[PDB]
Each structure stands twice: as structure tokens, then as C-alpha cells.
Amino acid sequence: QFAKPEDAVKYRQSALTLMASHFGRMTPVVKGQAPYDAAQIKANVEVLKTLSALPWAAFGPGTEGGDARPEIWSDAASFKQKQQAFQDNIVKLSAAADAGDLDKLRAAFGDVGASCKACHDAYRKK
């Protein structure tokens, strides 16, 4: 759906910004600094689940650019494992949120965050 590589870069950066917000906005809740309302978190996590599927199709062949490392494309099976593992960690978070279980939510949130960082360490410049 992208006319130029820059359009795929803009798309993925936008998608990743919206993850970051739907992930990160739960930080005060998992820390107990903000109240836990199970319905509101269940709804937020379902938005995050949708968003978390979106960036990867905007790293298609030839869409080098942005802060993406060039190994995303030379190592496509490894990049695919990292995004699939991340999305699997999101499924854990969805199960916790759907269950209304704040201890499970806390644990799953930490696992998701570690999976963001695992990908960054391999595949994000800087």
C-alpha cells in the first residue's frame, strides 16, 4: 500500500508511536500509581493487540529507511521470529486483561516490555 519507501517508513513509525502510547499509558496502572479498572484495561489491551499486528507489513522488501537496521531484511526469518514472539507476549497480556487479573497483567506487561527491547537491541538504530 506504499507508493515509496518513505511512505512505509512513515506508516511503521506512526504505528509504533501508537503502540508505545497504548503500552506505556498502562505503566501507572501496573505500578499502582493509578487505579485499576478491569474494563478499561481490557479495552486498551484490545486496541494494543490490533496495533501490535500493524508495523511489520511496513518493513516489506526494499523499505530500508528511518531508524530500521539494515539486518531486518538480510535476516528476514529472525526478524519474523522477533515480531511473532512479541505478538505472542501481547496475547499473554490480552489473556491477563480479559481475566481482570492485575498480578497477571503486571507480569505480562513486563514480558511485553522486554520483547520491545529485545527487538530494538537487534534491529533499531542507535
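Numbering starts at 1 and follows the sequence shown.
Which has the higher mean CA temperature factor in the PDB entry, 52-60 or 70-78?
Comparing 70-78 with 52-60, the higher mean C-alpha B-factor belongs to 70-78.
Decide which of the stretches 40-48 and 61-69 has the higher mean C-alpha B-factor, going by the entry.
Here the higher of the two C-alpha B-factor means belongs to 61-69.
Consider only the C-alpha atoms of the modelled residues in this chain, order them by B-factor as the entry records it, and name the third containing residue 90: lowest, middle or highest.
Ranked within chain, residue 90 CA B lands in the middle tercile.
Test of reading the entry: by CA B factor among the chain's modelled residues, which third contains residue 118?
Residue 118: CA B-factor falls in the highest third of its chain.
Would you please rank residue 102 by its C-alpha temperature factor against the other modelled residues of its chain and give the third it falls in: lowest, middle or highest?
According to the entry, residue 102 has a C-alpha B-factor in the chain's highest third.
How does the C-alpha B factor of residue 20 compare with the rest of the chain: lowest, middle or highest third?
Highest third of the chain for residue 20's C-alpha B-factor.
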